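start-v3.cif (mmCIF, N, CA and C atoms) appears below.
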data_structure
loop_
_atom_site.label_atom_id
_atom_site.label_comp_id
_atom_site.auth_asym_id
_atom_site.auth_seq_id
_atom_site.Cartn_x
_atom_site.Cartn_y
_atom_site.Cartn_z
N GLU P 24 6.68 10.16 8.57
CA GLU P 24 6.14 11.10 7.58
C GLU P 24 4.88 10.57 6.89
N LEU P 25 3.97 10.06 7.70
CA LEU P 25 2.72 9.48 7.25
C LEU P 25 1.62 9.92 8.19
N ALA P 26 0.44 10.16 7.63
CA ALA P 26 -0.72 10.56 8.41
C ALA P 26 -1.97 9.97 7.79
N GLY P 27 -3.07 9.93 8.54
CA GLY P 27 -4.35 9.55 7.98
C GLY P 27 -4.68 10.53 6.87
N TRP P 28 -5.34 10.08 5.82
CA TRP P 28 -5.54 10.95 4.67
C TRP P 28 -6.49 12.08 5.03
N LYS P 29 -7.47 11.77 5.87
CA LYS P 29 -8.46 12.74 6.31
C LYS P 29 -8.01 13.55 7.51
N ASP P 30 -7.66 12.84 8.57
CA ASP P 30 -7.43 13.45 9.87
C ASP P 30 -6.07 14.15 10.03
N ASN P 31 -5.10 13.81 9.19
CA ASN P 31 -3.71 14.22 9.39
C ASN P 31 -3.14 13.60 10.66
N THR P 32 -3.81 12.55 11.13
CA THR P 32 -3.38 11.77 12.30
C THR P 32 -2.05 11.05 12.07
N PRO P 33 -1.03 11.38 12.86
CA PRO P 33 0.27 10.75 12.59
C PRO P 33 0.13 9.23 12.55
N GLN P 34 0.84 8.59 11.63
CA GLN P 34 0.81 7.13 11.50
C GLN P 34 2.22 6.61 11.26
N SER P 35 2.42 5.32 11.44
CA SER P 35 3.72 4.75 11.10
C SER P 35 3.69 3.24 10.93
N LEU P 36 4.58 2.76 10.07
CA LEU P 36 4.70 1.34 9.81
C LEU P 36 4.85 0.56 11.10
N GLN P 37 5.37 1.24 12.12
CA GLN P 37 5.61 0.64 13.42
C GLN P 37 4.33 0.16 14.09
N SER P 38 3.19 0.65 13.62
CA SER P 38 1.89 0.26 14.16
C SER P 38 1.40 -1.04 13.54
N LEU P 39 2.10 -1.53 12.52
CA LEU P 39 1.63 -2.73 11.84
C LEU P 39 2.33 -3.97 12.39
N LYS P 40 1.53 -4.93 12.84
CA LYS P 40 1.97 -6.02 13.70
C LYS P 40 1.98 -7.40 13.06
N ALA P 41 1.19 -7.59 12.01
CA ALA P 41 1.16 -8.87 11.34
C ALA P 41 2.58 -9.26 10.92
N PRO P 42 2.81 -10.56 10.71
CA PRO P 42 4.09 -11.08 10.22
C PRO P 42 4.38 -10.63 8.77
N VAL P 43 3.33 -10.40 7.99
CA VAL P 43 3.49 -9.95 6.60
C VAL P 43 2.80 -8.61 6.39
N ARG P 44 3.46 -7.75 5.63
CA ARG P 44 3.02 -6.39 5.45
C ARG P 44 3.05 -6.05 3.96
N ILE P 45 1.98 -5.45 3.46
CA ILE P 45 1.88 -5.05 2.04
C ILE P 45 1.70 -3.56 1.99
N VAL P 46 2.64 -2.86 1.38
CA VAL P 46 2.50 -1.44 1.23
C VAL P 46 2.29 -1.12 -0.25
N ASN P 47 1.24 -0.37 -0.55
CA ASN P 47 0.96 0.06 -1.94
C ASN P 47 1.14 1.56 -2.00
N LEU P 48 2.04 2.03 -2.85
CA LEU P 48 2.16 3.46 -3.02
C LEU P 48 1.35 3.83 -4.26
N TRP P 49 0.58 4.90 -4.17
CA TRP P 49 -0.31 5.26 -5.26
C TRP P 49 -0.66 6.74 -5.28
N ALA P 50 -1.52 7.11 -6.23
CA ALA P 50 -2.02 8.47 -6.35
C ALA P 50 -3.24 8.46 -7.26
N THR P 51 -4.08 9.47 -7.11
CA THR P 51 -5.39 9.48 -7.76
C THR P 51 -5.29 9.73 -9.27
N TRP P 52 -4.15 10.21 -9.74
CA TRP P 52 -3.97 10.41 -11.19
C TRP P 52 -3.33 9.19 -11.83
N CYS P 53 -3.18 8.13 -11.04
CA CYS P 53 -2.58 6.92 -11.53
C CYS P 53 -3.65 5.94 -11.98
N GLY P 54 -3.86 5.83 -13.29
CA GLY P 54 -4.87 4.94 -13.82
C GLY P 54 -4.59 3.48 -13.52
N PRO P 55 -3.32 3.08 -13.62
CA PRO P 55 -2.97 1.70 -13.27
C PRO P 55 -3.21 1.42 -11.78
N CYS P 56 -2.77 2.31 -10.89
CA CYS P 56 -3.04 2.13 -9.44
C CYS P 56 -4.54 1.99 -9.25
N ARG P 57 -5.29 2.83 -9.94
CA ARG P 57 -6.74 2.88 -9.75
C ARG P 57 -7.42 1.62 -10.27
N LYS P 58 -6.75 0.93 -11.19
CA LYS P 58 -7.31 -0.29 -11.73
C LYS P 58 -7.16 -1.41 -10.69
N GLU P 59 -5.98 -1.48 -10.06
CA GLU P 59 -5.60 -2.53 -9.10
C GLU P 59 -6.35 -2.51 -7.76
N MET P 60 -6.87 -1.36 -7.36
CA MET P 60 -7.35 -1.19 -5.99
C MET P 60 -8.58 -2.01 -5.56
N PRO P 61 -9.62 -2.06 -6.39
CA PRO P 61 -10.74 -2.94 -6.04
C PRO P 61 -10.37 -4.43 -5.93
N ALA P 62 -9.39 -4.90 -6.70
CA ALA P 62 -8.94 -6.27 -6.54
C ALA P 62 -8.24 -6.47 -5.18
N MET P 63 -7.44 -5.49 -4.78
CA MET P 63 -6.72 -5.56 -3.51
C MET P 63 -7.73 -5.48 -2.40
N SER P 64 -8.73 -4.62 -2.58
CA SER P 64 -9.80 -4.48 -1.62
C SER P 64 -10.53 -5.80 -1.35
N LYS P 65 -10.97 -6.48 -2.40
CA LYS P 65 -11.70 -7.74 -2.23
C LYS P 65 -10.81 -8.85 -1.66
N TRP P 66 -9.57 -8.93 -2.16
CA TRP P 66 -8.61 -9.89 -1.62
C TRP P 66 -8.48 -9.68 -0.12
N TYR P 67 -8.31 -8.43 0.30
CA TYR P 67 -7.99 -8.14 1.69
C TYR P 67 -9.06 -8.60 2.69
N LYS P 68 -10.33 -8.46 2.31
CA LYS P 68 -11.44 -8.77 3.21
C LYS P 68 -11.53 -10.27 3.49
N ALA P 69 -10.93 -11.06 2.60
CA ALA P 69 -10.92 -12.51 2.73
C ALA P 69 -9.63 -13.06 3.33
N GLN P 70 -8.80 -12.19 3.90
CA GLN P 70 -7.63 -12.65 4.66
C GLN P 70 -7.98 -12.70 6.14
N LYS P 71 -7.27 -13.53 6.91
CA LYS P 71 -7.53 -13.63 8.36
C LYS P 71 -6.93 -12.44 9.11
N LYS P 72 -7.61 -12.01 10.17
CA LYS P 72 -7.18 -10.94 11.08
C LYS P 72 -5.68 -10.90 11.45
N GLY P 73 -5.11 -12.03 11.81
CA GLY P 73 -3.74 -11.99 12.30
C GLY P 73 -2.64 -11.96 11.24
N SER P 74 -3.03 -12.25 10.01
CA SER P 74 -2.09 -12.77 9.02
C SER P 74 -1.29 -11.75 8.20
N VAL P 75 -1.84 -10.55 8.00
CA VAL P 75 -1.26 -9.58 7.06
C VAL P 75 -1.78 -8.18 7.35
N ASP P 76 -0.94 -7.17 7.20
CA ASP P 76 -1.46 -5.81 7.21
C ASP P 76 -1.31 -5.24 5.80
N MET P 77 -2.29 -4.46 5.37
CA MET P 77 -2.16 -3.74 4.11
C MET P 77 -2.45 -2.27 4.31
N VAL P 78 -1.60 -1.43 3.72
CA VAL P 78 -1.86 0.00 3.67
C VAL P 78 -1.66 0.54 2.25
N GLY P 79 -2.49 1.48 1.85
CA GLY P 79 -2.21 2.19 0.60
C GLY P 79 -1.79 3.61 0.93
N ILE P 80 -0.55 3.94 0.64
CA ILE P 80 0.01 5.23 1.00
C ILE P 80 0.00 6.13 -0.22
N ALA P 81 -0.76 7.21 -0.15
CA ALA P 81 -0.97 8.10 -1.29
C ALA P 81 0.06 9.21 -1.33
N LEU P 82 0.74 9.35 -2.46
CA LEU P 82 1.57 10.52 -2.70
C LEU P 82 0.68 11.56 -3.36
N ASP P 83 -0.35 11.99 -2.64
CA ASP P 83 -1.40 12.85 -3.20
C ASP P 83 -2.00 13.71 -2.09
N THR P 84 -2.95 14.57 -2.47
CA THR P 84 -3.55 15.52 -1.54
C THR P 84 -4.76 14.93 -0.84
N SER P 85 -4.94 15.34 0.41
CA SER P 85 -6.11 14.93 1.16
C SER P 85 -7.36 15.17 0.32
N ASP P 86 -7.32 16.23 -0.47
CA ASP P 86 -8.48 16.62 -1.25
C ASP P 86 -8.74 15.62 -2.37
N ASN P 87 -7.70 15.29 -3.13
CA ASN P 87 -7.80 14.33 -4.23
C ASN P 87 -8.14 12.90 -3.79
N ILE P 88 -7.62 12.50 -2.63
CA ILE P 88 -7.89 11.16 -2.10
C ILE P 88 -9.35 11.05 -1.72
N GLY P 89 -9.84 12.05 -0.97
CA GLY P 89 -11.23 12.11 -0.56
C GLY P 89 -12.18 11.87 -1.71
N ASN P 90 -11.98 12.60 -2.80
CA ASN P 90 -12.82 12.48 -4.00
C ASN P 90 -12.79 11.07 -4.56
N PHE P 91 -11.61 10.46 -4.52
CA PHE P 91 -11.39 9.19 -5.18
C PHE P 91 -12.09 8.06 -4.43
N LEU P 92 -11.93 8.05 -3.11
CA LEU P 92 -12.49 7.01 -2.26
C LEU P 92 -14.01 7.10 -2.21
N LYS P 93 -14.51 8.27 -2.58
CA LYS P 93 -15.94 8.51 -2.73
C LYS P 93 -16.52 7.58 -3.80
N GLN P 94 -15.80 7.45 -4.91
CA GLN P 94 -16.20 6.58 -6.01
C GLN P 94 -15.62 5.17 -5.88
N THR P 95 -14.38 5.08 -5.40
CA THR P 95 -13.67 3.81 -5.28
C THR P 95 -13.17 3.63 -3.85
N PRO P 96 -14.06 3.22 -2.93
CA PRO P 96 -13.73 2.92 -1.53
C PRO P 96 -13.09 1.54 -1.37
N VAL P 97 -12.12 1.42 -0.48
CA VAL P 97 -11.42 0.15 -0.29
C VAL P 97 -11.49 -0.33 1.17
N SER P 98 -11.19 -1.60 1.40
CA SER P 98 -11.38 -2.22 2.72
C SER P 98 -10.20 -2.03 3.66
N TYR P 99 -9.13 -1.43 3.15
CA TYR P 99 -7.88 -1.29 3.87
C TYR P 99 -7.53 0.17 4.12
N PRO P 100 -6.71 0.43 5.14
CA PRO P 100 -6.29 1.79 5.50
C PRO P 100 -5.64 2.54 4.36
N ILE P 101 -5.96 3.82 4.26
CA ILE P 101 -5.34 4.70 3.29
C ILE P 101 -4.67 5.80 4.10
N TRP P 102 -3.37 5.95 3.93
CA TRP P 102 -2.63 7.04 4.54
C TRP P 102 -2.12 7.96 3.45
N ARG P 103 -1.45 9.03 3.88
CA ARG P 103 -0.91 10.01 2.98
C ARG P 103 0.52 10.33 3.39
N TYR P 104 1.41 10.50 2.42
CA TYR P 104 2.78 10.93 2.66
C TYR P 104 2.79 12.43 2.93
N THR P 105 3.55 12.84 3.95
CA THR P 105 3.56 14.23 4.38
C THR P 105 4.92 14.90 4.19
N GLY P 106 5.87 14.20 3.59
CA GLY P 106 7.22 14.71 3.47
C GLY P 106 7.45 15.54 2.22
N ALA P 107 8.68 16.04 2.04
CA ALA P 107 8.99 16.87 0.87
C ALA P 107 9.82 16.17 -0.21
N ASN P 108 10.58 15.14 0.17
CA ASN P 108 11.40 14.41 -0.80
C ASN P 108 10.84 13.04 -1.17
N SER P 109 9.91 13.07 -2.11
CA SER P 109 9.19 11.91 -2.57
C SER P 109 10.10 10.80 -3.09
N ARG P 110 11.09 11.16 -3.91
CA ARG P 110 12.04 10.18 -4.42
C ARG P 110 12.74 9.44 -3.30
N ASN P 111 13.21 10.19 -2.31
CA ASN P 111 13.92 9.58 -1.19
C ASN P 111 12.98 8.71 -0.37
N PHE P 112 11.74 9.16 -0.23
CA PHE P 112 10.73 8.38 0.49
C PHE P 112 10.49 7.00 -0.14
N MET P 113 10.26 6.97 -1.44
CA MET P 113 10.01 5.72 -2.14
C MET P 113 11.21 4.78 -2.10
N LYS P 114 12.41 5.36 -2.11
CA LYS P 114 13.63 4.57 -2.07
C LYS P 114 13.67 3.67 -0.84
N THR P 115 13.25 4.19 0.31
CA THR P 115 13.23 3.43 1.57
C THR P 115 12.33 2.20 1.54
N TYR P 116 11.42 2.17 0.57
CA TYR P 116 10.53 1.04 0.36
C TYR P 116 11.04 0.09 -0.71
N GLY P 117 12.17 0.44 -1.32
CA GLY P 117 12.75 -0.40 -2.35
C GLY P 117 12.45 0.12 -3.75
N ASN P 118 11.69 1.22 -3.82
CA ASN P 118 11.29 1.84 -5.08
C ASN P 118 12.36 2.81 -5.52
N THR P 119 13.38 2.29 -6.21
CA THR P 119 14.56 3.06 -6.52
C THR P 119 14.36 3.95 -7.75
N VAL P 120 13.61 3.44 -8.72
CA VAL P 120 13.30 4.19 -9.93
C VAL P 120 12.35 5.37 -9.67
N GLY P 121 11.62 5.32 -8.57
CA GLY P 121 10.69 6.39 -8.25
C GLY P 121 9.43 6.33 -9.10
N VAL P 122 8.89 5.14 -9.31
CA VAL P 122 7.73 5.03 -10.19
C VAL P 122 6.48 4.54 -9.45
N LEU P 123 5.31 4.88 -9.99
CA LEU P 123 4.03 4.38 -9.51
C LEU P 123 3.22 3.76 -10.64
N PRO P 124 2.41 2.73 -10.31
CA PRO P 124 2.27 2.33 -8.91
C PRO P 124 3.41 1.45 -8.47
N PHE P 125 3.38 1.08 -7.20
CA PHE P 125 4.45 0.30 -6.62
C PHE P 125 3.85 -0.42 -5.42
N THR P 126 3.91 -1.73 -5.41
CA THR P 126 3.39 -2.50 -4.30
C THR P 126 4.48 -3.43 -3.87
N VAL P 127 4.75 -3.46 -2.56
CA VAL P 127 5.81 -4.29 -2.02
C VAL P 127 5.31 -5.08 -0.80
N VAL P 128 5.75 -6.33 -0.71
CA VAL P 128 5.32 -7.26 0.32
C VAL P 128 6.56 -7.51 1.16
N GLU P 129 6.40 -7.51 2.47
CA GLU P 129 7.54 -7.60 3.36
C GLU P 129 7.20 -8.54 4.51
N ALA P 130 8.22 -9.23 5.03
CA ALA P 130 8.12 -9.85 6.36
C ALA P 130 9.22 -9.21 7.19
N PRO P 131 8.88 -8.10 7.85
CA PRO P 131 9.84 -7.14 8.40
C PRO P 131 10.72 -7.75 9.48
N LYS P 132 10.19 -8.72 10.21
CA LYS P 132 10.96 -9.30 11.30
C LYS P 132 12.08 -10.14 10.72
N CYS P 133 11.99 -10.37 9.42
CA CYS P 133 12.97 -11.16 8.71
C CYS P 133 13.73 -10.38 7.61
N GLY P 134 13.34 -9.14 7.36
CA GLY P 134 14.02 -8.33 6.36
C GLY P 134 13.62 -8.67 4.93
N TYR P 135 12.81 -9.72 4.77
CA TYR P 135 12.35 -10.12 3.44
C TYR P 135 11.49 -9.03 2.79
N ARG P 136 11.82 -8.69 1.55
CA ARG P 136 11.08 -7.64 0.85
C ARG P 136 11.05 -7.97 -0.63
N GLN P 137 9.85 -8.05 -1.20
CA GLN P 137 9.74 -8.29 -2.64
C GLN P 137 8.64 -7.44 -3.26
N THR P 138 9.02 -6.71 -4.30
CA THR P 138 8.10 -5.89 -5.07
C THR P 138 7.19 -6.82 -5.86
N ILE P 139 5.93 -6.44 -6.07
CA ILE P 139 5.06 -7.25 -6.89
C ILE P 139 5.19 -6.74 -8.31
N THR P 140 5.78 -7.56 -9.18
CA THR P 140 5.91 -7.23 -10.59
C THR P 140 4.72 -7.83 -11.31
N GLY P 141 4.22 -7.13 -12.31
CA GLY P 141 3.02 -7.57 -12.99
C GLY P 141 1.79 -7.04 -12.29
N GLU P 142 0.63 -7.49 -12.76
CA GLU P 142 -0.63 -6.99 -12.26
C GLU P 142 -0.85 -7.36 -10.79
N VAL P 143 -1.27 -6.39 -10.00
CA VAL P 143 -1.65 -6.70 -8.63
C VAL P 143 -3.09 -7.19 -8.65
N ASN P 144 -3.24 -8.50 -8.47
CA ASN P 144 -4.56 -9.10 -8.37
C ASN P 144 -4.60 -10.15 -7.27
N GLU P 145 -5.73 -10.86 -7.20
CA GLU P 145 -5.97 -11.84 -6.16
C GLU P 145 -4.93 -12.96 -6.14
N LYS P 146 -4.58 -13.47 -7.32
CA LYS P 146 -3.62 -14.57 -7.39
C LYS P 146 -2.22 -14.06 -7.07
N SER P 147 -1.96 -12.83 -7.49
CA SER P 147 -0.67 -12.20 -7.28
C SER P 147 -0.43 -11.95 -5.78
N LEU P 148 -1.43 -11.39 -5.12
CA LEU P 148 -1.34 -11.09 -3.70
C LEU P 148 -1.21 -12.36 -2.89
N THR P 149 -2.09 -13.33 -3.15
CA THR P 149 -2.07 -14.60 -2.43
C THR P 149 -0.71 -15.29 -2.50
N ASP P 150 -0.14 -15.35 -3.70
CA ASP P 150 1.17 -15.98 -3.88
C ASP P 150 2.30 -15.22 -3.19
N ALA P 151 2.28 -13.90 -3.32
CA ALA P 151 3.33 -13.08 -2.72
C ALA P 151 3.32 -13.21 -1.21
N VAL P 152 2.12 -13.24 -0.63
CA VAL P 152 1.98 -13.26 0.81
C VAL P 152 2.41 -14.62 1.35
N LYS P 153 1.97 -15.69 0.68
CA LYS P 153 2.37 -17.03 1.04
C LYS P 153 3.88 -17.19 0.98
N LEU P 154 4.52 -16.58 -0.02
CA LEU P 154 5.97 -16.61 -0.11
C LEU P 154 6.60 -15.89 1.08
N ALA P 155 6.08 -14.71 1.43
CA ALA P 155 6.61 -13.96 2.57
C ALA P 155 6.42 -14.68 3.92
N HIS P 156 5.27 -15.32 4.11
CA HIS P 156 5.04 -16.05 5.35
C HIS P 156 6.09 -17.14 5.51
N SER P 157 6.49 -17.75 4.39
CA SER P 157 7.42 -18.87 4.42
C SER P 157 8.84 -18.46 4.78
N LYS P 158 9.06 -17.17 4.99
CA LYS P 158 10.41 -16.67 5.28
C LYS P 158 10.61 -16.38 6.77
#
structure tokens encoding of this file:
Amino acid sequence: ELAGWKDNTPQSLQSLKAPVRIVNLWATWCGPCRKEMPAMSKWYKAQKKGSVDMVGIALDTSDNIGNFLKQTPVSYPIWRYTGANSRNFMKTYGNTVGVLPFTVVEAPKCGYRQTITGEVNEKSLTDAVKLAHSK
């Protein structure tokens, strides 16, 4: 239940191959999400090709995302949720309260999953990822 934000091109977590995976759930009316994104963007460009995948999955409209990336473009893939039960969708990522923003780091081949509590920034991402690699 994921597609490219523009193309509506079907997508899935199954396409992500790195040992560590970072999923950010967000939306364009989220001021906190919007604050964190340029930091995630800059962090991401300085990671090695093989080491991590990052996606920002928008619980928002193709229209609203388009406008946002116009002003705040990021270095990582942006997809869009296409389903009807948003609460249930977030739950599968460990987001039980159903709140945004929400960023979670995983090493899927190992089942390891940890939400990033506190500000998502360069030091936060680096530490979380290093912890996940170690699993």
Discussion item. Once the PyMOL selection byres ((chain P and resi 126) around 7) has been evaluated on this model, what residues remain selected, and can you format them as number ranges by chain?
Written reply: P: 45-48, 124-125, 127-128, 137-140
Discussion item. From a backbone DSSP assignment, name each residue in chain P labelled strand (DSSP E), as an NGL selection string.
Written reply: :P and (25-27 or 33-34 or 43-49 or 75-81 or 101-104 or 125-130 or 135-138)
Fill in: Explicit residues for the PyMOL selection byres (((chain P and resi 106-114 and name CA) around 10) and name CA) (as JSON, numbers by chain)
{"P": [24, 25, 48, 82, 103, 104, 105, 115, 116, 117, 118, 119, 120, 121, 122, 123, 125]}
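The coordinates place atom CA of residue P:78 at 9.1 Å from atom CA of residue P:36.
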Practice prompt. Report as a PyMOL selection string: the residues of chain P with a DSSP assignment of helix (DSSP H, G or I), based on the backbone of this structure.
Written response: chain P and resi 36-38+54-68+85-94+109-114+145-156
Output N, CA and C atoms for every residue in the selection just made, as a compact mmCIF listing (two decimals), in the coordinates of the input.
# COMPACT_ATOMS: atom_id res chain seq x y z
N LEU P 36 4.58 2.76 10.07
CA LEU P 36 4.70 1.34 9.81
C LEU P 36 4.85 0.56 11.10
N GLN P 37 5.37 1.24 12.12
CA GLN P 37 5.61 0.64 13.42
C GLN P 37 4.33 0.16 14.09
N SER P 38 3.19 0.65 13.62
CA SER P 38 1.89 0.26 14.16
C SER P 38 1.40 -1.04 13.54
N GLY P 54 -3.86 5.83 -13.29
CA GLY P 54 -4.87 4.94 -13.82
C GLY P 54 -4.59 3.48 -13.52
N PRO P 55 -3.32 3.08 -13.62
CA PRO P 55 -2.97 1.70 -13.27
C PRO P 55 -3.21 1.42 -11.78
N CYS P 56 -2.77 2.31 -10.89
CA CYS P 56 -3.04 2.13 -9.44
C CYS P 56 -4.54 1.99 -9.25
N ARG P 57 -5.29 2.83 -9.94
CA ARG P 57 -6.74 2.88 -9.75
C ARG P 57 -7.42 1.62 -10.27
N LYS P 58 -6.75 0.93 -11.19
CA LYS P 58 -7.31 -0.29 -11.73
C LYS P 58 -7.16 -1.41 -10.69
N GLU P 59 -5.98 -1.48 -10.06
CA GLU P 59 -5.60 -2.53 -9.10
C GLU P 59 -6.35 -2.51 -7.76
N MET P 60 -6.87 -1.36 -7.36
CA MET P 60 -7.35 -1.19 -5.99
C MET P 60 -8.58 -2.01 -5.56
N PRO P 61 -9.62 -2.06 -6.39
CA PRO P 61 -10.74 -2.94 -6.04
C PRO P 61 -10.37 -4.43 -5.93
N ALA P 62 -9.39 -4.90 -6.70
CA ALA P 62 -8.94 -6.27 -6.54
C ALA P 62 -8.24 -6.47 -5.18
N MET P 63 -7.44 -5.49 -4.78
CA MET P 63 -6.72 -5.56 -3.51
C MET P 63 -7.73 -5.48 -2.40
N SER P 64 -8.73 -4.62 -2.58
CA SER P 64 -9.80 -4.48 -1.62
C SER P 64 -10.53 -5.80 -1.35
N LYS P 65 -10.97 -6.48 -2.40
CA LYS P 65 -11.70 -7.74 -2.23
C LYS P 65 -10.81 -8.85 -1.66
N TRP P 66 -9.57 -8.93 -2.16
CA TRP P 66 -8.61 -9.89 -1.62
C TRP P 66 -8.48 -9.68 -0.12
N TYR P 67 -8.31 -8.43 0.30
CA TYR P 67 -7.99 -8.14 1.69
C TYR P 67 -9.06 -8.60 2.69
N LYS P 68 -10.33 -8.46 2.31
CA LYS P 68 -11.44 -8.77 3.21
C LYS P 68 -11.53 -10.27 3.49
N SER P 85 -4.94 15.34 0.41
CA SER P 85 -6.11 14.93 1.16
C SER P 85 -7.36 15.17 0.32
N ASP P 86 -7.32 16.23 -0.47
CA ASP P 86 -8.48 16.62 -1.25
C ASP P 86 -8.74 15.62 -2.37
N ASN P 87 -7.70 15.29 -3.13
CA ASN P 87 -7.80 14.33 -4.23
C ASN P 87 -8.14 12.90 -3.79
N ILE P 88 -7.62 12.50 -2.63
CA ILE P 88 -7.89 11.16 -2.10
C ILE P 88 -9.35 11.05 -1.72
N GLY P 89 -9.84 12.05 -0.97
CA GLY P 89 -11.23 12.11 -0.56
C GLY P 89 -12.18 11.87 -1.71
N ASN P 90 -11.98 12.60 -2.80
CA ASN P 90 -12.82 12.48 -4.00
C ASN P 90 -12.79 11.07 -4.56
N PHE P 91 -11.61 10.46 -4.52
CA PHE P 91 -11.39 9.19 -5.18
C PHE P 91 -12.09 8.06 -4.43
N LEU P 92 -11.93 8.05 -3.11
CA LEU P 92 -12.49 7.01 -2.26
C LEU P 92 -14.01 7.10 -2.21
N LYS P 93 -14.51 8.27 -2.58
CA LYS P 93 -15.94 8.51 -2.73
C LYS P 93 -16.52 7.58 -3.80
N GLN P 94 -15.80 7.45 -4.91
CA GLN P 94 -16.20 6.58 -6.01
C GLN P 94 -15.62 5.17 -5.88
N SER P 109 9.91 13.07 -2.11
CA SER P 109 9.19 11.91 -2.57
C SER P 109 10.10 10.80 -3.09
N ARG P 110 11.09 11.16 -3.91
CA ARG P 110 12.04 10.18 -4.42
C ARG P 110 12.74 9.44 -3.30
N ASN P 111 13.21 10.19 -2.31
CA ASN P 111 13.92 9.58 -1.19
C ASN P 111 12.98 8.71 -0.37
N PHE P 112 11.74 9.16 -0.23
CA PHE P 112 10.73 8.38 0.49
C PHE P 112 10.49 7.00 -0.14
N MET P 113 10.26 6.97 -1.44
CA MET P 113 10.01 5.72 -2.14
C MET P 113 11.21 4.78 -2.10
N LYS P 114 12.41 5.36 -2.11
CA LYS P 114 13.63 4.57 -2.07
C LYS P 114 13.67 3.67 -0.84
N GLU P 145 -5.73 -10.86 -7.20
CA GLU P 145 -5.97 -11.84 -6.16
C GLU P 145 -4.93 -12.96 -6.14
N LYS P 146 -4.58 -13.47 -7.32
CA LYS P 146 -3.62 -14.57 -7.39
C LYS P 146 -2.22 -14.06 -7.07
N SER P 147 -1.96 -12.83 -7.49
CA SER P 147 -0.67 -12.20 -7.28
C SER P 147 -0.43 -11.95 -5.78
N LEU P 148 -1.43 -11.39 -5.12
CA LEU P 148 -1.34 -11.09 -3.70
C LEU P 148 -1.21 -12.36 -2.89
N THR P 149 -2.09 -13.33 -3.15
CA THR P 149 -2.07 -14.60 -2.43
C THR P 149 -0.71 -15.29 -2.50
N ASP P 150 -0.14 -15.35 -3.70
CA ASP P 150 1.17 -15.98 -3.88
C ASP P 150 2.30 -15.22 -3.19
N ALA P 151 2.28 -13.90 -3.32
CA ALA P 151 3.33 -13.08 -2.72
C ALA P 151 3.32 -13.21 -1.21
N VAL P 152 2.12 -13.24 -0.63
CA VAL P 152 1.98 -13.26 0.81
C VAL P 152 2.41 -14.62 1.35
N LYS P 153 1.97 -15.69 0.68
CA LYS P 153 2.37 -17.03 1.04
C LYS P 153 3.88 -17.19 0.98
N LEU P 154 4.52 -16.58 -0.02
CA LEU P 154 5.97 -16.61 -0.11
C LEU P 154 6.60 -15.89 1.08
N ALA P 155 6.08 -14.71 1.43
CA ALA P 155 6.61 -13.96 2.57
C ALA P 155 6.42 -14.68 3.92
N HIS P 156 5.27 -15.32 4.11
CA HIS P 156 5.04 -16.05 5.35
C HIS P 156 6.09 -17.14 5.51
Item to complete: To verify the selection step, state as number ranges by chain which residues the PyMOL selection byres ((chain P and resi 49-65) around 8) yields on this input.
Response: P: 46-48, 66-70, 79-84, 87-88, 91, 95-99, 122-126, 142-145, 148
Discussion item. Just the number, please: distance in Å from atom N of residue P:150 to atom CA of residue P:27, one decimal.
Written reply: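 Going from atom N of residue P:150 over to atom CA of residue P:27, I get 27.8 Å.
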Worksheet item: So how far away is atom N of residue P:28 from atom N of residue P:151, in Å?
Response: 26.8 Å
Mind working out the centre and edge lengths of an axis-aligned box for stretch 86-100 of chain P, all listed atoms inside, 3 Å added to each side, rounded to one decimal in Å and written as JSON?
{"center_x": -11.1, "center_y": 7.2, "center_z": -0.3, "size_x": 16.9, "size_y": 24.8, "size_z": 17.5}
